[PDB]
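One chain is shown next in structure tokens, namely the form deposited without this ligand.
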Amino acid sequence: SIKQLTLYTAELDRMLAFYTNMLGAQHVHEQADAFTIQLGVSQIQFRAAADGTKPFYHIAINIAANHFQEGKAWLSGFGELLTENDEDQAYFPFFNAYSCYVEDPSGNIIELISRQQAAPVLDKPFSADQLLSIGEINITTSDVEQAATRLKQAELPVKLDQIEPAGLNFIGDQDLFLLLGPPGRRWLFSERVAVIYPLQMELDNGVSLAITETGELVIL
């Protein structure tokens, strides 16, 4: 799992307000030029972006197998559900998962993903407290092959021979997938195209990595 994910935002105040309203004050902690949100076992720290930049990312959050429709209703309370092909939800056969989407104030593509066999069945109502963990984060890089190699050296599940430098590459198993790809292409459910912005993350296993502002994946 992702223990800590650090992202940048040009809209810190609006984002603070948005996530405090969505998740509750108990899940959000404000700092001077950053704040954190707790998503189950995962934390995201949003930091002030450099002037003249407007970073955004694609983040999917795991929810229970049996709570996709509740999650979808809940999400729609915070913004208009995104659509693709006139559909306001998606089914992904490869992940056997249902997904729904909204944009936050920075234009982040916030997905709720309900993995039908790779998530728990929770016999209990859905709420902000039932966001399980981070299920997806884009790793948008200036060198996909170099990135894949470093990730495998970091001992992450990478099938090097399958890596497509020009497309999206799913890295992981179970309930967490890093979306490794180049910039350029429009994200599903969004007007926005993949663009390199910096981030860093620490995994549950103690592995930590960074994407520099030029798109280099660097294993910290």
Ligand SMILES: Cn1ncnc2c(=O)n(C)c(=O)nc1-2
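Just count from 1 along the sequence shown to find any residue number.
There is another form of this protein, the form solved in complex with this ligand, and it is not shown here; the text below is about that form.
Note on the interface: of 183-191, 63-71, 150-158, 23-31, the segment with non-hydrogen atoms within 4.5 angstroms of this ligand in the entry with it bound is 183-191. Mapping the unseen interface onto this chain, residue 126 falls outside it, with no heavy atom inside 4.5 Å of this ligand in the entry with it bound. Taking the partner from the other structure, this ligand in the entry with it bound has a heavy atom within 4.5 Å of a heavy atom of residue 111. Put simply, residue 98 is far from this ligand in the entry with it bound: not one heavy atom of it is within 4.5 Å. Put simply, residue 78 is far from this ligand in the entry with it bound: not one heavy atom of it is within 4.5 Å. Shown here without its partner, the chain carries 58, 136 and 170, all of which come within 4.5 Å of this ligand in the entry with it bound through at least one heavy atom.
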